[PDB]
Protein chains: 2
Amino acid sequence: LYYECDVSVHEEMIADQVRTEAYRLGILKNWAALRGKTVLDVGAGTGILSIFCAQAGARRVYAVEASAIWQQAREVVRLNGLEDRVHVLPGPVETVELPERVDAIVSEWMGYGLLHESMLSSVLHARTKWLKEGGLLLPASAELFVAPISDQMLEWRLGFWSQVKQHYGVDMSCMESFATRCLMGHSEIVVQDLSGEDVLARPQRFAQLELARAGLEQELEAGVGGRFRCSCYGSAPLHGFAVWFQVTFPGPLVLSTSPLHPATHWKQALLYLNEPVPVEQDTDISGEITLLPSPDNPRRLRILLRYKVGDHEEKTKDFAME
Amino acid sequence: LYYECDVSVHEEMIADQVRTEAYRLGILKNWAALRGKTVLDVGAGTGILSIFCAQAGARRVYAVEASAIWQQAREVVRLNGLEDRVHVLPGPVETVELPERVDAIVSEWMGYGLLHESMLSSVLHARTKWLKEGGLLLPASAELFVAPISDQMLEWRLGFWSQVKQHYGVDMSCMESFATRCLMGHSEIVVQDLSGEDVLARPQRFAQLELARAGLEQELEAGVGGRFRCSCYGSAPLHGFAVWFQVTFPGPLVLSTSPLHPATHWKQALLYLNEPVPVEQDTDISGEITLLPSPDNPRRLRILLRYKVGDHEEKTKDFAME
Ligand SMILES: Nc1ncnc2c1ncn2[C@@H]1O[C@H](CSCC[C@H](N)C(=O)O)[C@@H](O)[C@H]1O
Ligand SMILES: Nc1ncnc2c1ncn2[C@@H]1O[C@H](CSCC[C@H](N)C(=O)O)[C@@H](O)[C@H]1O
């Protein structure tokens, strides 16, 4: 028979050793809080975090998964001999029925640019509905970072047209303005992995989310973000900004998606200006970044960028996730 | 302003040094036929082949391009000082009006699996309508190859689930049958680049197309292809077959897309069986491959595969391009 199933997303998560080991160890570090306790895994996928929770000593784990992949999690649980302690429940966590309130929620809820897919809202729904007073959330907090970037790959792609003459004897340097309009003259957030070679100033933390804190659900609807200021390291074409995040598992173990840190499947969310802007050492850059639900679709990330480069006037660019 | 323009396809072609240099040199090698003559470039894109033709001494080149990219070709022609000899004409070659019949047609018409996009039909339309008797077609011929494959990347992806236990202490080996159904249990042609590490038997030429030959247009409609037979090199999981092509520029310069030869942007067209089949040294494999227009859409490649592995019965699998 023929099927159509998608599977690349799950292989990307398990092949992400930074992601998977950070959760394994973040859960294990909370052994004392989890031993003999009950856990809700929100969006359990193929089930690995629920098993990690049982291996940290959880008495009972409720693995709630809305997509079709829940059946694989049920088989994974059985293969590991845990069917009597880890229960896989299909459907959205907003309507699942558990037999009891839980001592802890674990969830891999982060999307691209942290909030693309808006899954944090389901975790917070579950916290209100099912988490006992003073219960544990894993991870417990998230931080958002921004840095100006000179994207070396983008620089190469754009300049390559002016290199055609040296390789084939045909001048194509006019394709560079065309490529710039196509590659930068759009308002889509681009998900791409960078390295420190791309980072043009010290990264700035622009927001911090404590997931258990009162009022976070309303802050997500109104926009998460803040102002930033930095000074460029040296002369380069500024292509725009990268946004990334970290989350923290309390003891604290930090899972980072910085381009300065080991690569992860989340990569970074890139906010390209309409064209490159030349900067120099100590060029001041300031701005404000706000992460928002899209009006059409609360699960599609919108990012509003306000930015000022050196002496140029402040500009605004309103992005939505690709 | 914001635009939406796609550009990755053109940067892929120019970054393909095998493709671009083979055309540059294939055209230059035909200097004697082209000097002081007229040329039609079918599907001129950003225009580089038309300029190569002028640099080989063509008197006049008609660069016909249907897509929006024709305007960039006009600018490229002007940047190279050739506006008086290379004329860029927008629209389909089937309805363009040239002022004269031409001495030669050059075209980069090959798609994935050679015939995906069915552009060869436009070249042959132009040959009938505009090419002088005894005129030159560049390239002049194409050949199609098939080989059984053991796709090492696919093998890794499928087996990785049984490796999760050794890295995280959670058994996920049941995800392997799920991944196999998702990655192989479909009827899509998959475009992927292989190497000789993937090739499981001597590649077999199964068809040859002389582009100037009578009756080729009807052969494209009825199906291009043929039978093949080979003997496996050694023990491996057979995952199916790769199809690739070469084209020849007469003097002869061969542009090959074999996995044994330098990589190109055409990669190879992979025909996966529904699940891996174990083979051994000297396991005989035979079959038949036919490249067809899809019934819904003549520009989408269909491939009908008949195959017999060792003592197993002959099987059939009907693929269409992803
Ligand atoms: N409201 C909701 N209720 C239950 N599951 C949800 C949900 N929203 C998203 N999901 C699921 O949450 C998962 C997030 S990816 C997390 C994957 C999981 N930790 C694993 O190891 O595979 C996805 O599988 C998605 O289907
Ligand atoms: N019937 C037709 N008439 C004119 N152009 C066509 C065509 N069918 C396809 N094309 C064009 O043929 C091109 C094939 S890709 C060839 C690209 C070109 N040699 C370059 O150097 O860029 C595409 O640009 C496509 O738009």
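Whatever order the structure lists ligands and atoms in, that order sets their numbers, starting from 1. Throughout, protein chains are lettered first and strands after them, A, B, ... in sequence-line order, and every chain is numbered starting at 1.
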Chemist: Would you mind checking which non-hydrogen protein atom is closest to atom 26 (O) of ligand 1, with the distance to 0.1 Å?
Modeler: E65(A) OE2, 2.4 Å
Chemist: Consider ligand 1: state whether an atom of it lies below 4.0 angstrom from any non-hydrogen atom of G91(A).
Modeler: yes
Chemist: Please list, in number order, the atoms of ligand 1 under 4.0 Å from a heavy atom of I48(A).
Modeler: 21 (O)
Chemist: Just need the protein heavy atom nearest to atom 22 (O) of ligand 1, so name the residue and atom and give the distance.
Modeler: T46(A) N, 3.1 Å
Chemist: Please find the pair of heavy atoms, one from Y23(A) and one from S107(A), that lie closest to each other, and give the distance.
Modeler: OH-O, 2.7 Å
Chemist: Is there a side-chain contact between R157(B) and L183(B) (heavy atoms, below 4.5 Å)?
Modeler: yes
Chemist: Given that the side chain starts at C-beta and the backbone is N, CA, C, O, which of these parts of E94(A) lies under 4.0 Å from ligand 1, counting heavy atoms, or is it both or neither?
Modeler: side chain
Chemist: Just to confirm my output: which protein heavy-atom neighbour is closest to atom 14 (C) of ligand 1, and how far is it?
Modeler: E108(A) O, 3.7 Å
Chemist: Is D193(B) salt-bridged to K267(B), cutoff N-O under 4.0 Å?
Modeler: yes
Chemist: Would you name the heavy atoms of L220(B) and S121(B) that are closest together and state the gap between them?
Modeler: CD1-OG, 4.1 Å
Chemist: Just to confirm my output: which protein heavy-atom neighbour is closest to atom 3 (N) of ligand 1, and how far is it?
Modeler: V93(A) N, 3.0 Å
Chemist: Below 3.5 Å, N or O to N or O, backbone or side chain included: is there any such pair between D41(A) and ligand 1?
Modeler: no
Chemist: Any idea which part of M110(B) is under 4.0 Å from ligand 2, heavy-atom wise: side chain, backbone, both or neither?
Modeler: neither
Chemist: Go through it in stages, so that I can follow the logic: the residues are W266(A) and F245(A), the test is ring-ring contact (aromatic ring centres under 6.0 Å, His included), and I'd like the CA-CA distance, side-chain angles, deciding distance and then a yes or no.
Modeler: CA-CA 9 Å; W266(A) 288 283; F245(A) 63 89; 5.5 Å; yes
Chemist: Between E4(A) and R181(B), is the salt bridge (charged side-chain N to carboxylate O under 4.0 Å, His left out) condition met? List the steps.
Modeler: CA-CA 8 Å; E4(A) 48 170 329; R181(B) 292 192 295 271; over 6 Å; no
Chemist: Should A66(A) be counted as touching ligand 1, given the test is an N or O pair under 3.5 Å?
Modeler: yes
Chemist: Near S122(A), which atoms of ligand 1 are under 4.0 Å from a heavy atom of that residue?
Modeler: 1 (N)
Chemist: For ligand 1, which atoms have a heavy atom of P92(A) less than 4.0 angstrom away?
Modeler: 3 (N)
Chemist: For ligand 2, which part of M119(B) has a heavy atom less than 4.0 Å away: the side chain, the backbone, both, or neither?
Modeler: side chain
Chemist: If we only consider heavy atoms of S107(B), is any one of them less than 4.0 Å away from an atom in ligand 2?
Modeler: no
Chemist: Can you tell me how far CE of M110(A) sits from CD of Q246(A), rounded to the nearest 0.5 angstrom?
Modeler: 11.0 Å
Chemist: Please report the closest heavy-atom contact between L40(A) and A126(A), naming both atoms and the distance.
Modeler: CD2-CB, 3.8 Å
Chemist: Hey, does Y62(A) have a side-chain heavy atom less than 4.5 Å from the side chain of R60(A)?
Modeler: yes
Chemist: Within this structure, what is the OG-CD distance for the pair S177(B) and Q72(A), rounded to the nearest 0.5 Å?
Modeler: 6.5 Å
Chemist: Looking only at protein heavy atoms, identify the closest one to atom 16 (C) of ligand 1 and say how far it is in Å.
Modeler: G43(A) O, 3.3 Å
Chemist: Which atoms of ligand 1 have any heavy atom of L49(A) under 4.0 Å away?
Modeler: 19 (N)
Chemist: Go through ligand 1 atom by atom and flag the ones less than 4.0 Å from a non-hydrogen atom of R299(A).
Modeler: 8 (N)
Chemist: Which heavy atom of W109(A) sits nearest to which heavy atom of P139(A), and what is that distance?
Modeler: NE1-CG, 3.9 Å
Chemist: With a cut-off of 4.0 Å, which atoms of ligand 1 are near a heavy atom of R19(A)?
Modeler: 20 (C), 21 (O)
Chemist: First locate atom CD of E117(A), then atom OG of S122(A), and finally report the distance between them rounded to the nearest 0.5 Å.
Modeler: 11.0 Å
Chemist: Starting from atom 20 (C) of ligand 2, which protein heavy atom do you reach first, and at what distance in Å?
Modeler: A44(B) O, 3.3 Å
